[PDB]
Structure formats: C-alpha cells, structure tokens
There are 2 protein chains.
Amino acid sequence: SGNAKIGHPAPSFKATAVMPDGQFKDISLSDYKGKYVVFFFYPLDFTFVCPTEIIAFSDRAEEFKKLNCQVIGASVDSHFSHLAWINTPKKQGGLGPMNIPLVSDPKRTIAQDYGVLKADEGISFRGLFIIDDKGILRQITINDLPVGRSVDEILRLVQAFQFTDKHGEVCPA
Amino acid sequence: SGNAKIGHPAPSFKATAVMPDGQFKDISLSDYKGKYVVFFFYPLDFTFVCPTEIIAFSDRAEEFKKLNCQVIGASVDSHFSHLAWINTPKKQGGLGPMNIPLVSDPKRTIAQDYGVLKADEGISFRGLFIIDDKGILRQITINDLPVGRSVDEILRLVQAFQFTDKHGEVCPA
Ligand SMILES: [Cl-]
Ligand SMILES: [Cl-]
C-alpha cells in the first residue's frame, strides 16, 4: 500500500492527535515501539449509513491494552473536526467520547504512505494495519465497507502475531 | 497493491488451473463474472509449520457456493507441482483432494499484479481478495501468517458485500 509492505517497517508518521483526555498532542508511530499498534484509518468521523467503524475499537480499548497493544485511529479530519465530532453524539452521526487517540491527516500525507487514499476524491478507504512491537507492518486490510472490520477477529490476529513472535517453528494451532 | 485497488476492476489474469476433477484448464478471472470470487493467493502448497491455508476453503467450498461465490486458490507452484501436492496427503505437508481450482503462477506475474510478491525472494505473502459479481475488487488482505485467514470471517464479509449491493443506504446492522 503506497509504501506499506508486510514484514517491513510500517511507514512512519508524526501528526497531531486528539488524545482521550482532550489534549492535542503531536505523536509519532515510533513512540509506540515496545508494544503493538492497531492503526485504523477510516474515511470520516461523520457517518450517515453506519456508526463510524473506529468506535467499536474505542469501546473495546481495554482488550487491546491487555494485549500490549495500542489502538490508534486516523482520518483526514483536522484535529478540530475530530474534537468537534467526538463532542457530537453517536446518534447525530458523531463519535461520542473516545478512549483512544485519533490522528489527523488533513494534508492526506499519511493516507498516501499507507496507500488508502481514494483515486478521485480526498478521503480514504477503511485501512487496518497491525504493527508489531518492533514497528514492523504485519497485516494490511483494505475495503470500503462500513462493517469490514471485526474487533474479535483483530484481537485474534494480534494474539496470533504475538504467539508467532514467541514460537515460530510451531503452528499457532 | 501492484495494481489492485479497492472499488476498481480486480487485475485480470488468465492462467492454467488444476480443476477439482483433475483436468488442467486455462481459466480467466472474467469467466466468473456474474458471481463472487474469493481469490486466495498463498506462498507454496508444501508447508512445514501449519496446514496450507487454502485447505480450509476447499473443505468448506460448498458454503461459498451457497453464496454465489467461487473460491479460487493460487500459488507460484506449476500445474505439475499443484497436482503432485494435491496427491500428497496433508500429513506429509501436502494438500490432499481439493474442491476448488488452484491457479499456477510460476512466472509470478499474477503475484505481481496483486502486489503479494516478496521483495527478496520469489514467493508470495498470503493475499486474500474478495471480488464482486461485476469483477470489482472489494477486499484486500495481506499478511505472512499461516493462520491469518478465518473462513467464517470471509463468509461474513461476502454476505456483507452482497447486502451492500442489494441495499446500501441501510446499514448491514
Ligand atoms: Cl467508517
Ligand atoms: Cl499457507
């Protein structure tokens, strides 16, 4: 995807995120070296058809934390639009309070490095990337379905990647 | 990935496949226009660690059939290696009988159009692509894990994509 290749360092980024406590903080993917990262890039905070897909991850953020994994959301929304949408109830198409950081990519540079930028317009597809503790991209999954991701499936994947890390000649049976 | 892009026609291919009945037949992705296709590209038929991932799809081929979906496997194995491995019991690292066609890509051209070729060596990663009845690429999922794919998850995804088609403005809930 653009510059994202399985088994190679996940493209780096340094951008401003709206943290769960409300603060704007400029974070880098490298800050999470030492732990797993489930980086989920979605089109926009505002949704009309289904709830923004990132919400289900916020809701289950603790299960990811339990697995030494940090979930980070991202969309081409500016940090103000992010905040604005977090302060808009889910029933009005918004996000509601968030338990994970939301990265802002209004310049679309991150969407590009991850190859999830749409061809005609400036918004992304739904891209999920599982990155390991060493910063290596391990899973790439893209689609334009407002229900593509399954939080249980992703949790199972992280477990498989960790198991593999801790064994490797043995089938994650 | 290579040329594969969500929402765009899935890269075309015409290659020889070992059919379920045992015959070699040159098949094209367009032949399946009208139905869904789950295209699963795996590295090699021969496995040491876990069973080759394509086996789970062969075993459950009828469930995809029920959903107007054809599963097609593919690897850089030649049509002779494919037949040889189909005729090697799963317990010897082989595949055992197959209910779905297995595409051969010894020239690695398909691996390339689908962006699943490794950088250093000539074998692929594990690439799953869900293509719709119109030949449009709908899901791209790559990883190098011998357990990355979940047959239940994929079946769910196909049902979701079909539902989107038949409705859209409504959430698959
Ligand atoms: Cl979404
Ligand atoms: Cl495999």
# chains A, B, ... in the order shown; residues from 1 in each chain; ligands from 1
call {"tool": "select_by_dssp", "arguments": {"residues": "segment 47-167 of chain B", "states": "alpha helix (DSSP H)", "output": "ChimeraX atom specification"}}
result
/B:54-59,61-66,79-86,109-113,151-166
call {"tool": "residues_near_ligand", "arguments": {"ligand": "ligand 1", "cutoff": "7 Å", "atoms": "only C-alpha atoms and all ligand atoms", "output": "PDB file with N, CA, C and O atoms, in the first residue's frame"}}
result
ATOM      1  N   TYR A  42      -9.877   5.450   8.722  1.00  0.00           N
ATOM      2  CA  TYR A  42     -11.227   5.364   8.200  1.00  0.00           C
ATOM      3  C   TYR A  42     -11.446   6.681   7.486  1.00  0.00           C
ATOM      4  O   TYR A  42     -10.769   7.642   7.773  1.00  0.00           O
ATOM      5  N   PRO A  43     -12.427   6.755   6.575  1.00  0.00           N
ATOM      6  CA  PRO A  43     -12.731   7.958   5.785  1.00  0.00           C
ATOM      7  C   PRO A  43     -13.041   9.292   6.479  1.00  0.00           C
ATOM      8  O   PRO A  43     -12.380  10.321   6.199  1.00  0.00           O
ATOM      9  N   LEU A  44     -14.080   9.289   7.318  1.00  0.00           N
ATOM     10  CA  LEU A  44     -14.522  10.483   8.036  1.00  0.00           C
ATOM     11  C   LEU A  44     -15.186  10.112   9.352  1.00  0.00           C
ATOM     12  O   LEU A  44     -15.693   9.005   9.530  1.00  0.00           O
ATOM     13  N   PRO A  51     -22.433   3.384  12.053  1.00  0.00           N
ATOM     14  CA  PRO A  51     -21.638   4.145  13.020  1.00  0.00           C
ATOM     15  C   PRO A  51     -20.184   4.140  12.503  1.00  0.00           C
ATOM     16  O   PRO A  51     -19.726   3.119  11.980  1.00  0.00           O
ATOM     17  N   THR A  52     -19.441   5.226  12.700  1.00  0.00           N
ATOM     18  CA  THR A  52     -18.051   5.254  12.285  1.00  0.00           C
ATOM     19  C   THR A  52     -17.372   4.009  12.872  1.00  0.00           C
ATOM     20  O   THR A  52     -17.497   3.728  14.075  1.00  0.00           O
ATOM     21  N   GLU A  53     -16.683   3.236  12.030  1.00  0.00           N
ATOM     22  CA  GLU A  53     -16.081   1.975  12.471  1.00  0.00           C
ATOM     23  C   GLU A  53     -15.082   2.004  13.609  1.00  0.00           C
ATOM     24  O   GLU A  53     -14.872   0.989  14.268  1.00  0.00           O
ATOM     25  N   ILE A  54     -14.468   3.155  13.825  1.00  0.00           N
ATOM     26  CA  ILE A  54     -13.464   3.325  14.870  1.00  0.00           C
ATOM     27  C   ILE A  54     -14.048   3.220  16.258  1.00  0.00           C
ATOM     28  O   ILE A  54     -13.378   2.790  17.162  1.00  0.00           O
ATOM     29  N   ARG A 126     -11.194   2.202   4.174  1.00  0.00           N
ATOM     30  CA  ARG A 126     -11.041   1.746   5.557  1.00  0.00           C
ATOM     31  C   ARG A 126      -9.809   0.833   5.604  1.00  0.00           C
ATOM     32  O   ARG A 126      -9.885  -0.320   5.160  1.00  0.00           O
ATOM     33  N   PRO A 146     -18.589  -0.294   5.465  1.00  0.00           N
ATOM     34  CA  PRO A 146     -18.761   0.293   6.806  1.00  0.00           C
ATOM     35  C   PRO A 146     -18.960  -0.751   7.907  1.00  0.00           C
ATOM     36  O   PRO A 146     -19.414  -0.441   9.007  1.00  0.00           O
TER      37      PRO A 146
END
call {"tool": "closest_residue", "arguments": {"among": "B:149, B:99, B:124, B:81", "to": "residue 62 of chain B", "atoms": "only C-alpha atoms"}}
result
B:99
call {"tool": "interface_residues", "arguments": {"of": "chain A", "to": "chain B", "cutoff": "7 Å", "atoms": "only C-alpha atoms", "output": "PDB file with N, CA, C and O atoms, in the first residue's frame"}}
result
ATOM      1  N   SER A   1       0.866  -1.211   0.000  1.00  0.00           N
ATOM      2  CA  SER A   1       0.000   0.000   0.000  1.00  0.00           C
ATOM      3  C   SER A   1       0.895   1.252   0.000  1.00  0.00           C
ATOM      4  O   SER A   1       1.457   1.549   1.063  1.00  0.00           O
ATOM      5  N   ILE A   6       4.183  -5.779   3.939  1.00  0.00           N
ATOM      6  CA  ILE A   6       4.247  -6.733   5.045  1.00  0.00           C
ATOM      7  C   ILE A   6       5.721  -7.035   5.355  1.00  0.00           C
ATOM      8  O   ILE A   6       6.553  -7.021   4.438  1.00  0.00           O
ATOM      9  N   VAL A  49     -24.679   6.238   7.030  1.00  0.00           N
ATOM     10  CA  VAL A  49     -25.182   4.859   6.946  1.00  0.00           C
ATOM     11  C   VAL A  49     -24.962   4.024   8.206  1.00  0.00           C
ATOM     12  O   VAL A  49     -25.907   3.482   8.755  1.00  0.00           O
ATOM     13  N   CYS A  50     -23.713   3.809   8.609  1.00  0.00           N
ATOM     14  CA  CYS A  50     -23.419   3.036   9.833  1.00  0.00           C
ATOM     15  C   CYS A  50     -22.606   3.887  10.820  1.00  0.00           C
ATOM     16  O   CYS A  50     -22.150   5.012  10.500  1.00  0.00           O
ATOM     17  N   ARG A 138       2.618  -5.992   9.898  1.00  0.00           N
ATOM     18  CA  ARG A 138       2.230  -7.397   9.832  1.00  0.00           C
ATOM     19  C   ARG A 138       0.906  -7.795   9.182  1.00  0.00           C
ATOM     20  O   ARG A 138       0.681  -8.958   8.895  1.00  0.00           O
ATOM     21  N   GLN A 139       0.014  -6.839   9.007  1.00  0.00           N
ATOM     22  CA  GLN A 139      -1.284  -7.081   8.422  1.00  0.00           C
ATOM     23  C   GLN A 139      -1.728  -5.831   7.705  1.00  0.00           C
ATOM     24  O   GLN A 139      -1.486  -4.722   8.169  1.00  0.00           O
ATOM     25  N   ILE A 140      -2.317  -6.008   6.539  1.00  0.00           N
ATOM     26  CA  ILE A 140      -2.828  -4.887   5.766  1.00  0.00           C
ATOM     27  C   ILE A 140      -4.169  -5.384   5.329  1.00  0.00           C
ATOM     28  O   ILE A 140      -4.285  -6.520   4.877  1.00  0.00           O
ATOM     29  N   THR A 141      -5.200  -4.591   5.558  1.00  0.00           N
ATOM     30  CA  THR A 141      -6.522  -4.977   5.123  1.00  0.00           C
ATOM     31  C   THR A 141      -7.326  -3.728   4.794  1.00  0.00           C
ATOM     32  O   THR A 141      -7.444  -2.806   5.601  1.00  0.00           O
ATOM     33  N   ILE A 142      -7.730  -3.652   3.526  1.00  0.00           N
ATOM     34  CA  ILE A 142      -8.438  -2.507   2.958  1.00  0.00           C
ATOM     35  C   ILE A 142      -9.759  -2.893   2.317  1.00  0.00           C
ATOM     36  O   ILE A 142      -9.870  -3.940   1.672  1.00  0.00           O
ATOM     37  N   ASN A 143     -10.758  -2.041   2.506  1.00  0.00           N
ATOM     38  CA  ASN A 143     -12.091  -2.230   1.928  1.00  0.00           C
ATOM     39  C   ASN A 143     -12.870  -0.944   2.131  1.00  0.00           C
ATOM     40  O   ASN A 143     -12.363  -0.024   2.746  1.00  0.00           O
ATOM     41  N   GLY A 148     -16.532  -3.729   7.550  1.00  0.00           N
ATOM     42  CA  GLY A 148     -15.490  -4.692   7.238  1.00  0.00           C
ATOM     43  C   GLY A 148     -14.740  -5.271   8.429  1.00  0.00           C
ATOM     44  O   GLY A 148     -14.591  -6.494   8.562  1.00  0.00           O
ATOM     45  N   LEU A 157      -6.109 -11.917  15.685  1.00  0.00           N
ATOM     46  CA  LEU A 157      -4.910 -11.728  14.891  1.00  0.00           C
ATOM     47  C   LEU A 157      -3.747 -11.274  15.734  1.00  0.00           C
ATOM     48  O   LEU A 157      -2.687 -11.863  15.632  1.00  0.00           O
ATOM     49  N   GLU A 169       8.317 -21.891  14.916  1.00  0.00           N
ATOM     50  CA  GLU A 169       8.519 -23.185  14.248  1.00  0.00           C
ATOM     51  C   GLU A 169       7.265 -23.961  14.649  1.00  0.00           C
ATOM     52  O   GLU A 169       7.160 -25.155  14.364  1.00  0.00           O
ATOM     53  N   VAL A 170       6.352 -23.322  15.398  1.00  0.00           N
ATOM     54  CA  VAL A 170       5.164 -24.046  15.853  1.00  0.00           C
ATOM     55  C   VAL A 170       3.852 -23.404  15.385  1.00  0.00           C
ATOM     56  O   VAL A 170       3.631 -22.164  15.451  1.00  0.00           O
ATOM     57  N   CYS A 171       2.991 -24.270  14.875  1.00  0.00           N
ATOM     58  CA  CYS A 171       1.727 -23.814  14.328  1.00  0.00           C
ATOM     59  C   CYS A 171       0.902 -23.089  15.373  1.00  0.00           C
ATOM     60  O   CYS A 171       0.758 -23.593  16.520  1.00  0.00           O
TER      61      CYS A 171
END
call {"tool": "calpha_fit_and_write", "arguments": {"fixed": "chain A", "moving": "chain B", "output": "short mmCIF file (atom, residue, chain, number, x, y, z; two decimals) with C-alpha atoms, in the first residue's frame"}}
result
data_model
loop_
_atom_site.label_atom_id
_atom_site.label_comp_id
_atom_site.auth_asym_id
_atom_site.auth_seq_id
_atom_site.Cartn_x
_atom_site.Cartn_y
_atom_site.Cartn_z
CA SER B 1 0.01 -0.01 -0.61
CA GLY B 2 1.81 3.41 -1.19
CA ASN B 3 4.88 2.32 0.80
CA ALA B 4 3.37 -0.08 3.27
CA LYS B 5 4.75 -3.60 2.84
CA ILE B 6 4.33 -6.59 5.05
CA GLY B 7 7.42 -7.55 7.00
CA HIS B 8 8.94 -4.09 6.52
CA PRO B 9 8.90 -1.12 8.84
CA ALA B 10 5.43 0.41 8.78
CA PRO B 11 5.59 3.89 7.17
CA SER B 12 6.44 6.47 9.85
CA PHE B 13 4.26 9.39 10.70
CA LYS B 14 4.25 12.29 13.13
CA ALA B 15 0.94 14.03 13.37
CA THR B 16 -1.33 15.70 15.82
CA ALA B 17 -3.88 13.52 17.63
CA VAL B 18 -6.82 14.32 19.88
CA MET B 19 -5.97 12.28 22.97
CA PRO B 20 -8.59 10.62 25.23
CA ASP B 21 -8.19 13.32 27.95
CA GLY B 22 -8.99 15.93 25.36
CA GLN B 23 -5.50 17.42 24.73
CA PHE B 24 -3.95 17.81 21.27
CA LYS B 25 -0.56 16.10 21.15
CA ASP B 26 1.80 15.49 18.23
CA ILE B 27 2.46 11.75 18.26
CA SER B 28 4.74 9.54 16.21
CA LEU B 29 4.36 5.89 15.35
CA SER B 30 7.83 5.27 16.85
CA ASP B 31 6.55 6.42 20.25
CA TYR B 32 4.81 3.05 20.41
CA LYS B 33 7.87 0.98 19.75
CA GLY B 34 7.85 -1.72 22.41
CA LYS B 35 4.16 -2.53 22.04
CA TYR B 36 1.73 -3.50 19.28
CA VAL B 37 -0.25 -1.00 17.30
CA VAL B 38 -3.61 -1.43 15.58
CA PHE B 39 -3.69 1.48 13.17
CA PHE B 40 -7.18 2.05 11.76
CA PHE B 41 -7.62 4.63 9.08
CA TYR B 42 -11.27 5.35 8.25
CA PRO B 43 -12.71 8.02 5.81
CA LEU B 44 -14.53 10.54 8.01
CA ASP B 45 -15.83 10.84 11.53
CA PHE B 46 -19.22 11.87 10.22
CA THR B 47 -21.29 8.91 9.04
CA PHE B 48 -24.74 8.62 7.59
CA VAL B 49 -25.15 4.84 6.94
CA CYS B 50 -23.45 2.97 9.79
CA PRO B 51 -21.70 4.15 13.02
CA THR B 52 -18.10 5.21 12.26
CA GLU B 53 -16.18 1.95 12.49
CA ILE B 54 -13.55 3.34 14.91
CA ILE B 55 -16.12 3.43 17.69
CA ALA B 56 -16.11 -0.33 18.22
CA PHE B 57 -12.37 -0.17 18.93
CA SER B 58 -12.71 2.71 21.41
CA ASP B 59 -15.42 0.77 23.25
CA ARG B 60 -13.18 -2.28 23.49
CA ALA B 61 -9.87 -0.43 23.92
CA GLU B 62 -9.08 -2.19 27.19
CA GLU B 63 -8.93 -5.65 25.48
CA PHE B 64 -6.21 -4.38 23.15
CA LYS B 65 -4.53 -2.77 26.18
CA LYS B 66 -4.48 -6.22 27.85
CA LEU B 67 -2.58 -7.51 24.86
CA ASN B 68 0.18 -4.88 25.01
CA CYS B 69 -1.44 -3.16 22.04
CA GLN B 70 -2.35 0.45 21.39
CA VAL B 71 -5.14 1.28 19.05
CA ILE B 72 -4.76 4.47 17.06
CA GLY B 73 -7.52 5.77 14.82
CA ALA B 74 -6.98 8.21 11.92
CA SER B 75 -8.87 10.11 9.25
CA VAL B 76 -8.42 13.17 7.09
CA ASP B 77 -10.39 15.16 9.66
CA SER B 78 -8.47 18.11 11.19
CA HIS B 79 -7.83 18.06 14.95
CA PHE B 80 -10.68 20.54 15.31
CA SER B 81 -13.14 18.40 13.31
CA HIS B 82 -12.06 15.39 15.37
CA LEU B 83 -12.80 17.17 18.67
CA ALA B 84 -16.04 18.59 17.25
CA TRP B 85 -17.19 15.08 16.18
CA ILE B 86 -16.11 13.53 19.45
CA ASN B 87 -18.39 16.13 21.01
CA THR B 88 -21.32 15.17 18.77
CA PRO B 89 -23.39 12.18 20.06
CA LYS B 90 -23.16 8.95 17.99
CA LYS B 91 -26.89 9.30 17.21
CA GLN B 92 -26.12 12.53 15.21
CA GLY B 93 -23.47 10.78 13.09
CA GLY B 94 -20.76 11.73 15.61
CA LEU B 95 -18.27 9.67 17.62
CA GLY B 96 -19.06 10.36 21.25
CA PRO B 97 -16.30 10.12 23.95
CA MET B 98 -13.19 8.19 22.78
CA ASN B 99 -10.71 6.07 24.67
CA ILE B 100 -8.10 6.06 22.03
CA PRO B 101 -6.10 8.76 20.19
CA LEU B 102 -7.41 9.95 16.85
CA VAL B 103 -4.79 11.06 14.29
CA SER B 104 -5.50 13.94 11.89
CA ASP B 105 -4.45 13.76 8.27
CA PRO B 106 -5.88 16.87 6.57
CA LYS B 107 -2.80 16.98 4.32
CA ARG B 108 -3.52 13.33 3.29
CA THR B 109 0.13 12.46 3.56
CA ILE B 110 -0.45 9.55 5.91
CA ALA B 111 -3.30 8.35 3.72
CA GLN B 112 -0.83 8.29 0.87
CA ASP B 113 2.07 6.48 2.57
CA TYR B 114 -0.41 3.85 3.65
CA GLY B 115 -1.98 3.56 0.21
CA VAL B 116 -5.55 4.15 1.37
CA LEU B 117 -6.34 7.38 -0.46
CA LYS B 118 -9.16 7.26 -2.97
CA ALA B 119 -8.25 8.00 -6.63
CA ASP B 120 -10.93 10.61 -7.52
CA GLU B 121 -11.50 12.25 -4.11
CA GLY B 122 -9.46 13.10 -1.05
CA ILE B 123 -10.81 10.71 1.54
CA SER B 124 -9.59 7.27 2.40
CA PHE B 125 -10.90 3.71 2.27
CA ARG B 126 -11.01 1.75 5.52
CA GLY B 127 -7.43 0.61 6.18
CA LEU B 128 -6.43 -1.53 9.13
CA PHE B 129 -2.78 -2.12 9.82
CA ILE B 130 -1.36 -4.26 12.61
CA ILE B 131 2.15 -3.22 13.51
CA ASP B 132 4.36 -5.18 15.90
CA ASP B 133 6.46 -4.12 18.93
CA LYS B 134 9.39 -3.63 16.60
CA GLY B 135 7.45 -1.37 14.24
CA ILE B 136 7.17 -4.00 11.51
CA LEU B 137 4.00 -3.99 9.41
CA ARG B 138 2.25 -7.37 9.86
CA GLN B 139 -1.28 -7.08 8.43
CA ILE B 140 -2.77 -4.85 5.74
CA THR B 141 -6.50 -4.93 5.16
CA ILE B 142 -8.40 -2.47 2.98
CA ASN B 143 -12.05 -2.26 1.82
CA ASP B 144 -14.78 0.40 1.48
CA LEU B 145 -17.30 -1.34 3.66
CA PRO B 146 -18.74 0.32 6.81
CA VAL B 147 -18.59 -3.05 8.58
CA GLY B 148 -15.43 -4.65 7.16
CA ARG B 149 -13.58 -4.77 10.48
CA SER B 150 -14.42 -7.26 13.24
CA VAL B 151 -12.96 -6.39 16.65
CA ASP B 152 -12.84 -10.10 17.66
CA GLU B 153 -11.04 -11.01 14.52
CA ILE B 154 -8.43 -8.33 15.02
CA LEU B 155 -7.88 -9.31 18.63
CA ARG B 156 -7.38 -12.88 17.46
CA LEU B 157 -4.89 -11.77 14.86
CA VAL B 158 -2.83 -9.77 17.40
CA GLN B 159 -2.68 -12.87 19.64
CA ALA B 160 -1.58 -14.95 16.67
CA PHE B 161 1.22 -12.55 15.70
CA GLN B 162 2.49 -12.39 19.26
CA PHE B 163 2.44 -16.21 19.49
CA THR B 164 4.45 -16.43 16.21
CA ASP B 165 7.02 -14.12 17.77
CA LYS B 166 7.34 -16.11 20.97
CA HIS B 167 7.61 -19.47 19.03
CA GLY B 168 7.30 -19.65 15.23
CA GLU B 169 8.53 -23.18 14.26
CA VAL B 170 5.25 -24.25 15.94
CA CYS B 171 1.76 -23.68 14.57
CA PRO B 172 -0.53 -21.32 16.54
CA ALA B 173 -2.89 -24.45 16.08
#
call {"tool": "select_by_dssp", "arguments": {"residues": "chain B", "states": "strand (DSSP E)", "output": "PyMOL selection string"}}
result
chain B and resi 14-18+24-28+36-41+69-75+102-104+126-131+137-143
call {"tool": "write_last_selection", "arguments": {"atoms": "C-alpha atoms", "output": "mmCIF file, in the first residue's frame"}}
result
data_model
loop_
_atom_site.group_PDB
_atom_site.id
_atom_site.type_symbol
_atom_site.label_atom_id
_atom_site.label_comp_id
_atom_site.auth_asym_id
_atom_site.auth_seq_id
_atom_site.Cartn_x
_atom_site.Cartn_y
_atom_site.Cartn_z
ATOM 1 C CA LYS B 14 -5.616 -15.976 -17.488
ATOM 2 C CA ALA B 15 -3.684 -18.920 -16.202
ATOM 3 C CA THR B 16 -3.788 -22.649 -16.005
ATOM 4 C CA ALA B 17 -5.530 -24.208 -13.002
ATOM 5 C CA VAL B 18 -5.764 -27.761 -11.716
ATOM 6 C CA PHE B 24 -5.761 -28.733 -16.341
ATOM 7 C CA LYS B 25 -7.794 -25.835 -17.729
ATOM 8 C CA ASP B 26 -6.750 -22.278 -18.594
ATOM 9 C CA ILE B 27 -9.151 -20.053 -16.664
ATOM 10 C CA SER B 28 -9.654 -16.309 -16.579
ATOM 11 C CA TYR B 36 -18.434 -13.539 -6.388
ATOM 12 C CA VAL B 37 -14.853 -14.653 -6.208
ATOM 13 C CA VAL B 38 -12.690 -15.283 -3.148
ATOM 14 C CA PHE B 39 -9.191 -15.226 -4.585
ATOM 15 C CA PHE B 40 -6.644 -16.631 -2.123
ATOM 16 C CA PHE B 41 -3.010 -16.438 -3.032
ATOM 17 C CA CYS B 69 -19.229 -17.331 -4.716
ATOM 18 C CA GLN B 70 -16.374 -19.233 -6.275
ATOM 19 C CA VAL B 71 -13.214 -19.757 -4.353
ATOM 20 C CA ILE B 72 -10.016 -19.842 -6.371
ATOM 21 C CA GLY B 73 -6.672 -20.654 -4.800
ATOM 22 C CA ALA B 74 -3.285 -19.688 -6.303
ATOM 23 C CA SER B 75 0.436 -20.005 -5.684
ATOM 24 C CA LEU B 102 -5.818 -23.972 -7.934
ATOM 25 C CA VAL B 103 -4.148 -21.360 -10.170
ATOM 26 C CA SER B 104 -0.469 -21.662 -11.116
ATOM 27 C CA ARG B 126 -0.873 -14.685 1.951
ATOM 28 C CA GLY B 127 -3.224 -12.462 -0.077
ATOM 29 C CA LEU B 128 -6.987 -12.718 0.081
ATOM 30 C CA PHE B 129 -9.069 -10.750 -2.362
ATOM 31 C CA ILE B 130 -12.851 -10.655 -2.487
ATOM 32 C CA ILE B 131 -14.109 -9.715 -5.920
ATOM 33 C CA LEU B 137 -12.110 -5.617 -6.105
ATOM 34 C CA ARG B 138 -13.799 -5.237 -2.695
ATOM 35 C CA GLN B 139 -11.386 -6.515 -0.023
ATOM 36 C CA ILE B 140 -7.597 -6.752 0.080
ATOM 37 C CA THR B 141 -5.952 -8.508 2.998
ATOM 38 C CA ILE B 142 -2.278 -9.423 3.177
ATOM 39 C CA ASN B 143 -0.071 -10.903 5.937
#
call {"tool": "decode", "arguments": {"residues": "segment 93-112 of chain A", "atoms": "N, CA and C atoms", "output": "JSON list (two decimals), in the first residue's frame"}}
result
[["chain", "number", "residue", "atom", "x", "y", "z"],
["A", 93, "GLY", "N", -24.57, 11.01, 14.10],
["A", 93, "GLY", "CA", -23.51, 10.59, 13.19],
["A", 93, "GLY", "C", -22.08, 10.80, 13.68],
["A", 94, "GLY", "N", -21.98, 11.33, 14.91],
["A", 94, "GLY", "CA", -20.68, 11.63, 15.51],
["A", 94, "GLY", "C", -20.00, 10.43, 16.12],
["A", 95, "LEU", "N", -18.94, 10.70, 16.88],
["A", 95, "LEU", "CA", -18.18, 9.65, 17.55],
["A", 95, "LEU", "C", -18.51, 9.41, 19.03],
["A", 96, "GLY", "N", -18.80, 10.50, 19.75],
["A", 96, "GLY", "CA", -19.07, 10.40, 21.17],
["A", 96, "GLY", "C", -17.69, 10.33, 21.80],
["A", 97, "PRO", "N", -17.59, 10.36, 23.15],
["A", 97, "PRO", "CA", -16.30, 10.27, 23.86],
["A", 97, "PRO", "C", -15.47, 9.13, 23.24],
["A", 98, "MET", "N", -14.15, 9.29, 23.26],
["A", 98, "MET", "CA", -13.20, 8.30, 22.70],
["A", 98, "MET", "C", -12.17, 7.88, 23.76],
["A", 99, "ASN", "N", -11.80, 6.60, 23.75],
["A", 99, "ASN", "CA", -10.82, 6.06, 24.65],
["A", 99, "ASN", "C", -9.46, 5.84, 24.02],
["A", 100, "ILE", "N", -9.31, 6.20, 22.75],
["A", 100, "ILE", "CA", -8.05, 6.05, 22.02],
["A", 100, "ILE", "C", -7.74, 7.34, 21.27],
["A", 101, "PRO", "N", -6.46, 7.54, 20.93],
["A", 101, "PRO", "CA", -6.11, 8.75, 20.21],
["A", 101, "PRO", "C", -6.60, 8.68, 18.77],
["A", 102, "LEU", "N", -6.95, 9.84, 18.23],
["A", 102, "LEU", "CA", -7.39, 9.94, 16.83],
["A", 102, "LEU", "C", -6.42, 10.83, 16.07],
["A", 103, "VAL", "N", -5.68, 10.24, 15.13],
["A", 103, "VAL", "CA", -4.73, 11.02, 14.30],
["A", 103, "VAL", "C", -5.44, 11.83, 13.23],
["A", 104, "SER", "N", -4.91, 13.01, 12.95],
["A", 104, "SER", "CA", -5.44, 13.91, 11.93],
["A", 104, "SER", "C", -4.53, 13.94, 10.71],
["A", 105, "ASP", "N", -5.13, 13.79, 9.52],
["A", 105, "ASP", "CA", -4.37, 13.79, 8.26],
["A", 105, "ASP", "C", -5.06, 14.70, 7.23],
["A", 106, "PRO", "N", -5.19, 15.99, 7.53],
["A", 106, "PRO", "CA", -5.86, 16.88, 6.58],
["A", 106, "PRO", "C", -5.01, 17.15, 5.34],
["A", 107, "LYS", "N", -3.71, 16.88, 5.43],
["A", 107, "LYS", "CA", -2.82, 17.08, 4.29],
["A", 107, "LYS", "C", -2.80, 15.80, 3.44],
["A", 108, "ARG", "N", -3.42, 14.73, 3.95],
["A", 108, "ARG", "CA", -3.50, 13.45, 3.25],
["A", 108, "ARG", "C", -2.16, 12.73, 3.01],
["A", 109, "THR", "N", -1.10, 13.20, 3.68],
["A", 109, "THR", "CA", 0.19, 12.57, 3.51],
["A", 109, "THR", "C", 0.24, 11.17, 4.11],
["A", 110, "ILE", "N", -0.42, 10.94, 5.25],
["A", 110, "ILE", "CA", -0.40, 9.61, 5.85],
["A", 110, "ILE", "C", -1.24, 8.62, 5.02],
["A", 111, "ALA", "N", -2.41, 9.07, 4.55],
["A", 111, "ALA", "CA", -3.29, 8.25, 3.74],
["A", 111, "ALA", "C", -2.49, 7.76, 2.55],
["A", 112, "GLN", "N", -1.66, 8.66, 2.00],
["A", 112, "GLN", "CA", -0.84, 8.30, 0.87],
["A", 112, "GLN", "C", 0.19, 7.24, 1.23]]
